[PDB]
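**Q** Next up is a structure, given as structure tokens.
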Amino acid sequence: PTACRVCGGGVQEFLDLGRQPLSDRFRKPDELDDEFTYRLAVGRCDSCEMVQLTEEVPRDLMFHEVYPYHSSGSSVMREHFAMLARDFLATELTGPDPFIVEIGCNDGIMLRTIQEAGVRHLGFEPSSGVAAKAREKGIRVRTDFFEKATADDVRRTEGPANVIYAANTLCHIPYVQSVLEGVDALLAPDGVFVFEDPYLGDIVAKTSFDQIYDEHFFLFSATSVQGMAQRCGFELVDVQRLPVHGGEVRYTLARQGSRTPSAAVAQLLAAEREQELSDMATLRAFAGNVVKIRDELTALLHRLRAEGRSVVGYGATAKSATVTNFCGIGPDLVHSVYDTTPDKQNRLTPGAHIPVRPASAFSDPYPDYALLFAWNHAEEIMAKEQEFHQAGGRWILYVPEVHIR
Ligand SMILES: C[S@@+](CC[C@H](N)C(=O)[O-])C[C@H]1O[C@@H](n2cnc3c(N)ncnc32)[C@H](O)[C@@H]1O
Ligand SMILES: Cc1cn([C@H]2C[C@H](O)[C@@H](COP(=O)(O)O)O2)c(=O)[nH]c1=O
Ligand SMILES: [Zn+2]
């Protein structure tokens, strides 16, 4: 039985996705077929209701020099984060000498807008290759994990931060207590710690189990985040639901009693409690639907092969590692996955070993079907690939249900 990373309570498992590889390791075709594996399973803490994995992968195995995810590969997410930055610049960073720290700045997608406004900032990005992309934009970055000690070091030399922001990063961090202690050390007394990550409500609603993989340790909800804040000295004071990444919530934490929570916080809490979001029965129902999706997706893929129709995938997401390894999908059923990230191209997907090719290679003559792993980017992708669909090529989706369109 595993101890909750937030409160030490007991965590009860509800979903076992089996042996999985690291999601963001893309091997050259000639490399030895040996990968690190671990058991991917998800549970819910009994005391604070935090939904979390039952095995941690060590951080250095995931985040390192060759971490391959480039945030700026999505035009939607570029606009999303530039607007968030402008919003901070108009609200929380209007002082005489403001400072914003970003945990997980990646290639600089959000901090470039802060740097272009002349505002003092620091990104923490432990994956040095993408850190260097951000530095080439003029962004100040430390190639370090944010945790208590490194936060202590920044408070000592740089002073208090008015905003600490994390997007798609806090959920990646099992040592959230250490992060919160760092935020306590580093945040101004009237500052905010704002983070946005995939939302448990949307994952349950859409059965989007591919949001569960090595790098997604936590599936936050307003209920669990409220408890986490409270148990660590802070207070959930705003929440905002966002469409990006399959559905997220952006949570705003402040020092306790310093600000009054928006009505939105109580409203979302009440909705989660009404829909019994975090009840073990709800979470096990989700687990049953995950199995139903596996069985229908494999049945379809095998039917398509028996009917002589060609199938590829689109988007070498980290998420897809869960789909192809839980479902047992490899190159005999999906022959290639198309992806815009150079560091992923001419490599093989983890565990399943499907070849990855540049997106520019998805062109006439098109395959009959494309399994859309980057389903959270559907609109942006389909807008760039109208020729495929006009030629009669169709998308296979597995969220919220297996269907073709
Ligand atoms: C999925 S990416 C998100 C990047 C970007 N914020 C976005 O939303 O697209 C998660 C990032 O978190 C970084 N990361 C992991 N652990 C971290 C930590 N303790 N502190 C800061 N960044 C961390 C990773 O290296 C990776 O670049
Ligand atoms: C938005 C977009 C993403 N991709 C790829 C880039 C990333 O490897 C993956 C998306 O990953 P993400 O869903 O974690 O952001 O899909 C494309 O190939 N084309 C696109 O238009
Ligand atoms: Zn707990």
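Taken together, the values in this text are just the output of simple stated rules run on the coordinates, not laboratory data. Backbone-built Cβ (ideal geometry, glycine too); neighbour counts: all protein chains shown.
**Q** Helix 148-158 versus the longest principal axis of the chain: what angle, 0 to 90°, nearest 10, using Cα atoms?
**A** 60
**Q** Quick one: if the Förster radius is 22 Å, what FRET efficiency do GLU116 and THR94 give, using the C-beta to C-beta distance and rounding to 0.05?
**A** For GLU116 and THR94, the calculated efficiency is 0.85.
**Q** What are the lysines whose alpha-carbon lies under 26 Å from the alpha-carbon of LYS344, with same-chain residues fewer than 8 places away excluded?
**A** Straight-line reach from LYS344, under 26 Å: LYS28, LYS133, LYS137, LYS319, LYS384.
**Q** With the dipole of the chain worked out from charges on the C-beta (+1 for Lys and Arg, -1 for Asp and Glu) around the Cα centre, which of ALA321, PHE63, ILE212 lies farthest toward the positive end?
**A** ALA321
**Q** Shifting gears a bit: Do any trypsin sites (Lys or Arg not before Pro) in region 215-313 lie in a loop, going by DSSP, with at most 15 other beta-carbon atoms within 10 Å of their beta carbon, and if so which?
**A** Those satisfying the criteria are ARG259, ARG309.
**Q** Please compute the net charge surrounding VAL311, taking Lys and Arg as +1 and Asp and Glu as -1 over other residues with Cβ under 13 Å from its Cβ.
**A** Result for the local shell: +1.
**Q** Considering only the other residues whose Cβ falls under 11 Å of the Cβ of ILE103, what net charge follows from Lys and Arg at +1 and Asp and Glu at -1?
**A** It works out to a net charge of -3.
**Q** Quick one: net charge around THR349, please, counting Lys, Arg +1 and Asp, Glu -1 for every other residue with C-beta under 10 Å from its C-beta.
**A** Surrounding charge for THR349 is +3.
**Q** Any idea what the relative contact order of the chain is, in percent, if you count C-alpha pairs under 8 Å spaced at least 6 apart?
**A** Details: 822 pairs, mean separation 62.2, N = 405.
Taking the mean separation of contacting Cα pairs over the length of the chain, I get 15 percent.
**Q** In percent, how large is the relative contact order of region 1-53, given Cα pairs closer than 8 Å and 6 or more residues apart?
**A** Computed value for region 1-53: 42 percent relative contact order.
**Q** Taking the beta-carbon count within 10 Å as an exposure proxy, list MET382, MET110 from fewest neighbours to most.
**A** So the ranking, lowest neighbour count to highest, is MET382, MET110.
**Q** Let me ask something else. In deg cm²/dmol and to the nearest 500, what is the mean residue ellipticity at 222 nm of the chain if only DSSP H runs of at least 4 residues count, each as -39500 (n - 2.57), divided by the residue total?
**A** Only helices count here, giving -9500 deg cm²/dmol.
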